[PDB]
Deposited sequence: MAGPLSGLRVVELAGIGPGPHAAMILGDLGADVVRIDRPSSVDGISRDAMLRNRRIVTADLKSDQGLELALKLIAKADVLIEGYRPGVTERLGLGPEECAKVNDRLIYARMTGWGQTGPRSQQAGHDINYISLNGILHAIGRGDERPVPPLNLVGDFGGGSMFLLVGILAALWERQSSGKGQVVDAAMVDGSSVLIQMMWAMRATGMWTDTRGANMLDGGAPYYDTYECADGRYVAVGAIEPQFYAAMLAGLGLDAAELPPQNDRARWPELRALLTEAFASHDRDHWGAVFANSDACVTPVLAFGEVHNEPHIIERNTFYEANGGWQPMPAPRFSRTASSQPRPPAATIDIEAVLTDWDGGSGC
């Protein structure tokens, strides 16, 4: 198996959202990933796995599972607190059969506290810690950033950092431990820059009035003549100057880049400029530029973008394109993901593993 995590062994108890995403990235980087689902696969998030079923409520299902776990490095579970305990797959049961196991618990609200038993999804976790309120236009209700910030960014990715930091700690101590990854925590660390900026008077709680939330005319999207969009991210004054020259705009006509009181007016001037040509035109004009102006591509166009094609950021599978592994490694390179490995028998795996 290709990648820096060759021969890492990972047991995944099937769930949704973050736990499966973390398992995927582990797979992607060469880990041996076995996912236990329940007797009751077309999701490419299940790439780079062996799938096995087992009623974990049965006596045998439990016993089989504990044999897997005994032979593994990492266990991932993404159920509400208490769930794995009741199955007899809790951290303490696992530590009897393998004091080396990294026990990885993926929740939204965490392991304890008043909301620990509440159902939730991404939108709920990011609502509570200030993140969701900060996203969208000011004259309007907050908009969910898909499920990128709670499930993945502040979720799976923190589970991963935890699984791999604990594997490092293990090398010097010989012992596993429990990783408690809560989306409400990770997503808060994910947005630490805003907490830093608010502390130094450089971020408000007003939506749509900030450097990076879309309120700044040099950090936003603009509609073009054809109804498609560009993104502008020209924060540094020299990039900003370069953009203005490429728009045909004389800097003397315009309010200061960072006079926030005149942003409305600046925006109107830039709006009229971008509107006068189509997206492709601006993509051309600004190629090789430090003006920080890029075409906003829809998913279906991404496969036609030179920089995407030539770095092979995607590969063709199945119905269509999928992201290749990340990040990239010079010596032990990941390989192209294996499609979801149709259900094998949990005994097979055990023989294969000893």
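Asker: Take the full deposited sequence, match it to the modelled residues, and report the stretches without C-alphas.
Answerer: No coordinates exist for the deposited residues in 41-45, 360-364, so these stretches are absent from the model.
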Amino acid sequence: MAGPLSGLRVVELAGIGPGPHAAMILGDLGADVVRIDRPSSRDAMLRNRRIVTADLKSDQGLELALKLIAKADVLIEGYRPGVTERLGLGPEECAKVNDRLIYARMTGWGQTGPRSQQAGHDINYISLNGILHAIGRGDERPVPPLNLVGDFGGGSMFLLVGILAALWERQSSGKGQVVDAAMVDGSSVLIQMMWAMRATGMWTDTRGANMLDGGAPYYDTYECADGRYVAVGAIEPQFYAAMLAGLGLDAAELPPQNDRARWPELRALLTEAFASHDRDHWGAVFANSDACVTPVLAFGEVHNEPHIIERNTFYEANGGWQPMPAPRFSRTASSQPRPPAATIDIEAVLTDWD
From here on, numbers count along this sequence of modelled residues.
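Think of the rigid core as the biggest set of C-alphas that the two forms share within 1.5 Å after superposition.
Asker: Compare 205-213 with 259-267 and report which one shows the larger root mean square C-alpha deviation from this form in 7 other deposited structures of this protein once the rigid core is superposed.
Answerer: Of the two stretches, the larger average C-alpha offset in 7 other deposited structures of this protein falls on 259-267.
Asker: Mean CA B-factor: is it higher for 55-63 or for 289-297?
Answerer: Per the PDB record, 55-63.
Asker: Going by the average Cα B-factor in the PDB entry, point out whether 115-123 or 97-105 comes out higher.
Answerer: Stretch with the higher mean C-alpha B-factor: 97-105.
Asker: Checking the entry, which one of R260, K71, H281, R137 has the top C-alpha B factor?
Answerer: It is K71.
Asker: Report the option among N147, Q192, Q171, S276 whose CA atom has the maximum B-factor in the deposited record.
Answerer: That would be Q171.
Asker: Is the Cα B-factor recorded for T221 in the lowest, middle or highest third of its chain?
Answerer: It belongs to the lowest third of the chain when residues are ordered by C-alpha B-factor.
Asker: Based on the deposited C-alpha B factors for this chain, I'd like to know if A166 is in the lowest, middle or highest third.
Answerer: Tercile = highest for this residue's CA B-factor.
Asker: Would the CA B-factor of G176 place it in the lowest, middle or highest third of its chain?
Answerer: CA B-factor rank for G176: highest third.
Asker: Just say lowest, middle or highest third for the CA B-factor of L244 relative to the other modelled residues in its chain.
Answerer: It falls in the bottom third of the chain.
Asker: Would you mind ranking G130 by its C-alpha B-factor against the rest of the chain and naming the third, lowest, middle or highest?
Answerer: It falls in the bottom third of the chain.
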